[PDB]
Amino acid sequence: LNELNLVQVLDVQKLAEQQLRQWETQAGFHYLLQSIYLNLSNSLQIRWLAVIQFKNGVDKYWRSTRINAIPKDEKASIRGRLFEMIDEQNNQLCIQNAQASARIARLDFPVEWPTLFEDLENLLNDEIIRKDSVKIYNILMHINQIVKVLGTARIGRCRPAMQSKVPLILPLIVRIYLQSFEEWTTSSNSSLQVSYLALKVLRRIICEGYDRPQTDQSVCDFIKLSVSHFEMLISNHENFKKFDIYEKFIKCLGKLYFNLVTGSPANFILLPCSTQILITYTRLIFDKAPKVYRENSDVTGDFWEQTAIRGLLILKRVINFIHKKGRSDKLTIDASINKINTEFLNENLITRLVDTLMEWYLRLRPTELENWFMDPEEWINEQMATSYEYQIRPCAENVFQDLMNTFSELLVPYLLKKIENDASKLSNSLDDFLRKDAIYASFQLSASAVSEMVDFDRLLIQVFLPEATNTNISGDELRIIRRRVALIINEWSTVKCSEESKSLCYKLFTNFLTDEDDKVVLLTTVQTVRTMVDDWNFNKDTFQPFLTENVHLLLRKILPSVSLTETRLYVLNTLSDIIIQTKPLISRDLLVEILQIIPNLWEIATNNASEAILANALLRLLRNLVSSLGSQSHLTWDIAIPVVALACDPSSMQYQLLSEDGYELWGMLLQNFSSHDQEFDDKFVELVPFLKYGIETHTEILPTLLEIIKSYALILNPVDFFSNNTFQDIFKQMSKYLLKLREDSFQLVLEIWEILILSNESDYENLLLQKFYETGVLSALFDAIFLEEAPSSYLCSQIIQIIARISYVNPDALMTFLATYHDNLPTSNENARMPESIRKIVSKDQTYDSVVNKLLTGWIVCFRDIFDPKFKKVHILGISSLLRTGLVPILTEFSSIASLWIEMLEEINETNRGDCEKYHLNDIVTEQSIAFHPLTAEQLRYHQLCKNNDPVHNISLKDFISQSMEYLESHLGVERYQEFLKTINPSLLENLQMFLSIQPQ
C-alpha cells in the first residue's frame, strides 16, 4: 500500500482513515514524502501535505539513534534532494522545506553532511548565472533558515564549523544583493524582494559567522559599500520614489550596523568604515532633528523617529564602550578606543551632540502635548512601561545622561547662560517655555554628574519651588513645569539633597495631590514620592507629617480616579512600599481605610481575568500591613483570612496564580498574631488542610509551608496540634523523605519537632511519643543514624539532638520504642542484600543492638565532635537521662559518661538555675532588633518557650547529674546500686569519683 495511503487519510476523513502512524517509521516513508514534494506534477496541495508531514518526520525520527529510526541510505538520499525545488517559487513550500533542511543540518552538519556550504557554494555558482532569480531567492531562503538554526547551537562544534564554512558563501550572496540592488535602483522592475532577502541573509552571516568580522576583508568591503547604499537610500527617500518599501532596506542596514556594535563595539569600531557609519548617523541626528521633532506618527509614520532612535542607540553602545573597556584581554581594547577617540569622538562633536539633544530631543514633542491634553492618564499609563528603546524623547534623555556621566564636561553655564538667554524668551507663547523645560530636563538628567558643582538645596527654595507655585502661567504651562519640577526632585533627592529640602518636597507633592487634577502631574508626583520613600537614605521621621494625608489621597483621589490596570497596580504597590518604609506611624482609622479598598479591588481582580495581577498586589499589600501593623495584625483578619481562604484553596482557578503569595500572607498572619492581644481565630485551623496540596505540588516553596506549620507548633497546644490530621500526614511524608529533604526544609522539620518536644511540657506520658511513633518520626530518626553509609557527623548530630530532647523527657519510653524498632527490623541477611546507602548497621536477626551499645557508644563519640555549648549540654542531658534507665548496656558506659561530666563541669560556670551566657549565642531574640526586624509575636513565643521549658537555661548540670545518680540508687536496688558503683571498674571509679564528687558553691 502506498500512493493513496497518505491522501484518502486526508471528523470523518481526518478521524477514521487516520491509520498512517504505522507508516511514519518505515524505511522509505520520508524519502517518499520528499519525492511527493519534489515531483511538481502532483497537486500543489498533495505536495504541501507531504512536505509538512516530512518536516514533522524529520523532527520525530531524523535521529537514527532513537527508536523508530530511518536508515542512513534513506537519510542520504533525502539529504541529497533538499535544494532541488528552488525552481518552485511558492514560499509556502520553500520555507517549509527550508525549516526541514535547517533541522537536518542542525542534526547532521559538521559530521554526516560536511559538504554543506560547499554544496550551497556551487548552487550559488550555478544559479547566480541564471534568469531564475526565483531559484536564487529560494536558495537564499534555505540559507536564511539554515544559518539561523545553526547559529543557535550553543553546544559542540556545529556552530564553529558553520562559521568556518560560510565565508565560501558570503561573497556570492553579496554579488546577488549588488546585482539586484542595481537592477531596481532606477528601473520599475520588482526583483527588490530578492535584494531584501539577500540583505537579511547577509546580516545573519556577518553576525553569527564572524568573530572580529573586521578581519575578513570581504566582510569589510561589503559593510562599507552598504553604508554608501544607505546614504543613497536616505537622500533619495526625500527625492524621487515615495513608497513604503523604500524604508525597508534603510531599516535592515540600520539593524546590521546596530547588531554589529552591540555584539562587539571593538569589532564594529575596527571596521574600516566604522566612523563613516557613525558620522552618517550623527549627521542624520543633527540635520533631521526638526523632522523628528515635528513628526506625527499618526499622520505620517514614525520613520524619522525610529531612525534617530537607531543612530542614538549606536552612539550609546559606543559611549558605554568608552566609559569602561569591556575576546581580547588587552590587545583589542588598547587600540579600538583610540581609533574612535581621534576619528570621531572629538570634543567639538560631543558637546555639539549635547547642544542638539538639549534643543530638539529633550523637548516635549508637539504630539506628546496633544496626547497629554486628550487622555492624560493613558499618556502616562503607556509610560509606566517607558520603553526608551521605542520612544525618541526617552531614548534621548537616556543617551544624554550617558554623555554627561561619561565625561566631565561641566557646561553648566550653558545652562546658566541659556537661562539668561533663550529661556529668557516668550514664557507666554510656548516654544521658549518648552525649550526651558528641556533645559530643566538636562539639569534633571545630569543629577548623577554635577552634584559637587551645584547647590541644589539652595536651588530648590531659590528656583524650583517658585516655579511650581508660580501663579502667573497659563495652567497648561503650570502642568508642564510642575511635572518637570517633580521629575527634577526625583532625580536629585537620591544625591545632594538635604532632608529639609525633602520635607519641602513632601509638602509640595502633597499640595499637588490635593490640588491638581491633571493625571500626568498626579502620577508623576506619585512616582516621585514613591522613589523618595524607597530611597535607601529615606529618613522616615521627616515624612510622617505628610504620611496620613498622602495615604488618604492615594486611597481617595488617585486609585479611584485611575482606571488602567497597571496604573492601579502601581498605586497599590506604592501604598505597600510606603507602609514598609513607615512601620512606626499607622492609625487604626487609616488601617480601616486601607482595608476598605482591599475587598472591592479583590472582587475586581478575582472576577475579571485581565485584572488578576491586582490580586497579587493586594496580597502583597495585606502582607505588608500585617508585618507593618505587628501584634495588632489581627485587625486585618476580617479581610485577610477570607483572602487566604480563597488564594490558597486548590479548587479555584486562581490558586495557580495566587497560592504562593497567599501562603506567605498566611505565614505572616500567624507570625504577627499575639495571643496576648486576641483569641486565635478558629478559622486558621480550618485552613490547615490546604498546606498538604501545596506540599504535594509546590515543593519549590516547601520551606514556606513548613514555616507555617512551625507557627502552629508555637501557637497551639500539643493536644490540639497532634490531633490535627493534616499535620500527622505531613509528618508521615517528612519521615518518608527525611534524608531526601533539602537542607533548609530538613532543618525546618527538625526545628518543628524540637518545638513540639519543648512546648509539649511533659504531662504527655505518651501523647507526643505515641504520635511520633504513629507518624514514623521516631523510626526515621533511628533509621538515619544506623545507616552503614553513615551521614556527616554534623548532620548526624542534627538528628541526634532531637533524640536527646526526647531522652530528657521519658527516656524509658524511648528505649521501649527502640526495642520495638529492633523487633520490626529487617533480617540481618535482608540487610546484607540492600543497596549502597540504605544498608543499616543493625538488624532484627541480631542481638538487642549489642544491648543499646551501638546507639550509645556512637552518640558519646558524636559528642566529641560537638562544639556548641548549648547543644553540647542538650546532648549530655540526653545521655544522662538515658543513664537513668539503669539498663545493662547504658549502665555499662558510666565510665565514659562520667568522664564527659568531669570535662564539662571543669569547663562551664553556670548560675544557680543552670543558665550560662555561652548558652545564648545563637539566641535569636536580642536588643539589635530596631535596625533589623522589631520582634514579632512568634519570635517572642519561641523566646519564652526556650527561656521557660528548655532544660538548658533552667536546670543546673550539677543538679541533673546528682539527681540522675539518685534515680539510679532508687530505680536500682541500693544493693544493686552500691554494687554497680564497684562493678564498673572500681579503681578508675575511685579516681573519677574523686573528681566528680568535687561539689563547690
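Attention in this report is confined to the structure presented alongside it.

1. A closer look at the overall build of the protein chain
Then, number 1: Per the secondary structure count, the protein chain includes 54 helices and zero strands.
Then, number 2: In terms of overall dimensions, the protein chain has a C-alpha envelope of 125 × 90 × 65 Å along the principal axes.

2. Quick look at unusual backbone geometry
Then, number 1: Phi is positive for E112, close to 80°, though the residue is something other than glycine.
Then, number 2: The residue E112 is located in the loop between α6 (91-107) and α7 (118-128) in this model.
Then, number 3: In this model, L426 sits at a positive phi of 25°, which is unusual for a non-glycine residue.
Then, number 4: Tracing the chain through its elements places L426 in the loop between α23 (412-420) and α24 (431-445).

3. Looking at the nonpolar core
Then, number 1: In terms of nonpolar packing, the biggest core is built from 327 residues, with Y257, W666, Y712, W753 and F772 touching the most fellow members.
Then, number 2: A total of twelve residues in this core trace back to one element, the largest contributor, which is helix α17 (residues 303-323).
Then, number 3: In contact with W666, other than residues within four places in its own chain, are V644, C648, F684, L687, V688, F690, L691, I708 and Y712.
Then, number 4: Judged by nonpolar contacts, the second largest core, of five residues, contains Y37, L38, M85 and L93.

4. Describing the packing of helix α46 (residues 853-865) against helix α49 (residues 894-907)
Then, number 1: At a minimum axis distance of 11 Å, the contact between α46 and α49 shows a crossing angle of 20°. Taken together, the axes of α46 and α49 are roughly parallel relative to one another. Taken as a pair, α46 and α49 cross one another with a handedness that is left-handed. Facing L856, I860 and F863 of α46, the residues of α49 in contact are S896, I897, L900 and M904.

5. What to know about the state of the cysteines
Then, number 1: Under the counting rule described, the total for this entry stands at zero disulfides.
Then, number 2: Free of any disulfide, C252 has its nearest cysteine sulfur in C207, 12 Å distant.
Then, number 3: Judged by relative accessible area, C252 falls into the buried class, the value being 6%.

6. Observations regarding the pattern of salt bridges
Then, number 1: A full pass over the atoms with the stated rule returns 54 salt bridges.
Then, number 2: The partner of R159 in a salt bridge is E208, and the shortest N-O contact between them spans 2.4 Å. With a gap of 49 residues between them, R159 in helix α9 (residues 158-165) and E208 in the loop between α11 (192-207) and α12 (217-237) connect regions that are remote in the sequence.
Then, number 3: On the accessibility criterion, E208 (16% relative accessible area) is buried.
Then, number 4: As a salt-bridge pair, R833 and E830 come within 3.0 Å of each other at their nearest N and O atoms. Residue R833 and its partner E830 are both found in helix α45 (residues 828-833); the two are separated by three residues, about one turn of the helix.
Then, number 5: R833 gets classed as exposed once you look at its relative accessible area, which sits at 64%.
Then, number 6: Accessibility expressed as a relative area gives 29% for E830, which makes it partly exposed.

7. Some thoughts on the environment of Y37
Then, number 1: Residue placement: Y37 occurs in helix α3 (residues 29-38).
Then, number 2: The spatial distance from the C-alpha of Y37 to the C-alpha of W48 is 6.8 Å, given a sequence separation of eleven residues.

8. So, the environment of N267
Then, number 1: Mapped onto the elements, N267 comes out in helix α14 (residues 265-269).
Then, number 2: Considering only alpha carbons, one finds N267 and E231, 36 residues apart in sequence, at a separation of 22 Å.
Then, number 3: Apart from the residues lying within four places of it in its own chain, the contact partners of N267 are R212, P213 and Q214.
Then, number 4: For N267, the side chain forms a polar contact with the side chain of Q214, separated by 2.9 Å.

9. Quick notes on helix α53 (residues 974-983)
Then, number 1: For α53, the full list of buried residues reads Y977, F980 and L981. Along the long axis of α53, the arc covered by the buried residues comes to 100°, so they all point the same way. Along α53, the residues that are exposed and aim more than 90 degrees away from the buried face are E975 and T983.
Then, number 2: Where α53 is buried, its residues meet α48 (888-892), α49, α52 (957-971) and α54 (986-996).

10. Focus on the packing of aromatic side chains
Then, number 1: The full count for this structure, using the stated rule, is 47 aromatic pairs.
Then, number 2: The aromatic ring of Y196 is capped on one face by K248, whose charged end is 5.6 Å from the ring centroid.

11. Notes on the environment of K14
Then, number 1: Mapped onto the secondary structure, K14 falls in helix α1 (residues 13-17).
Then, number 2: Sequence separation between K14 and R79 is 65 residues; the distance between their C-alpha atoms is 30 Å.

12. As for the packing of helix α34 (residues 655-671) against helix α37 (residues 702-715)
Then, number 1: Relative to each other, α34 and α37 sit at 25°, their axes nearing to 9 Å. The angle between α34 and α37 falls in the class roughly parallel. Judged by the sense of rotation from one axis to the other, the crossing of α34 with α37 is left-handed. Along its contact with α34, which presents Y663, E664, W666, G667, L670 and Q671, the element α37 presents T704, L705, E707, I708, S711, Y712 and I715.

13. Thoughts on helix α13 (residues 248-263)
Then, number 1: For α13, which comprises 16 residues, the first-to-last C-alpha distance of 22 Å matches the rise-based estimate of 22 Å (1.5 Å per residue) to within 8%.
Then, number 2: Every buried residue belonging to α13 is among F249, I250, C252, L253, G254, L256, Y257, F258, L260 and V261, and all of these are buried.
Then, number 3: Buried-residue contacts for α13 involve α10 (170-186), α11, α12, α14, α15 (274-287) and α17.

14. What to know about a nonpolar patch on the surface
Then, number 1: Residues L4, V7 and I46 make up a contiguous nonpolar surface patch of about 220 Å² in total accessible area.
Then, number 2: Position of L4 relative to the elements: it lies in the segment before α1.

15. Re the side chain of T356
Then, number 1: Along the chain, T356 turns up in helix α19 (residues 347-361).
Then, number 2: For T356, a relative accessible area of 14% translates into the label buried.
Then, number 3: Apart from the residues within four sequence positions on either side, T356 is in contact with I285, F286 and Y361.

16. Observations regarding the side chain of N616
Then, number 1: Tracing the backbone shows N616 in helix α32 (residues 612-629).
Then, number 2: Leaving out residues up to four positions away in the same chain, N616 has contacts with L657, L658 and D661.

Criteria and cut-off values
Residues numbered from 1 in each chain as written, not as in the entry; some residues may be left out. Heavy atoms only, no water. Residues with missing side-chain atoms left out of burial classes, pairs and counts. Helix = DSSP H or I, 4+ residues; strand = E, 2+ residues; numbered from the N terminus. Core = buried A, V, L, I, M, F, W, Y, C linked by side-chain atoms within 4.5 Å. Buried < 20%, exposed > 50% of the residue type's maximum accessible area, 1.4 Å probe, protein only. Contact = heavy atoms within 4.5 Å. Axes fitted to C-alpha atoms, helices over the stretch in contact; angles between N-to-C directions. Parallel < 35°, antiparallel > 145°, perpendicular 65-115°, else oblique. Left-handed = near helix turned anticlockwise from the far one by under 90°. Disulfide = S-S within 2.5 Å. Salt bridge = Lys/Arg side-chain N within 4 Å of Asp/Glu carboxyl O. Polar contact = N/O pair within 3.5 Å; in protein donor to acceptor, adjacent residues only side chain to side chain. Arc of directions from axis to C-beta. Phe/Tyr/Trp six-rings, centres within 6.5 Å; stacked < 30°, edge-to-face > 60°. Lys NZ or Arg CZ within 6 Å of the ring centre and 35° of its normal. Expected span 1.5 Å × (residues − 1). Patch = residues over 30% accessible without salt bridge, like charges linked within 9 Å, V, L, I, M, F, W, Y side chains within 5 Å. Areas by Shrake-Rupley, 256 points an atom, 1.4 Å probe, with all protein chains shown as cover.

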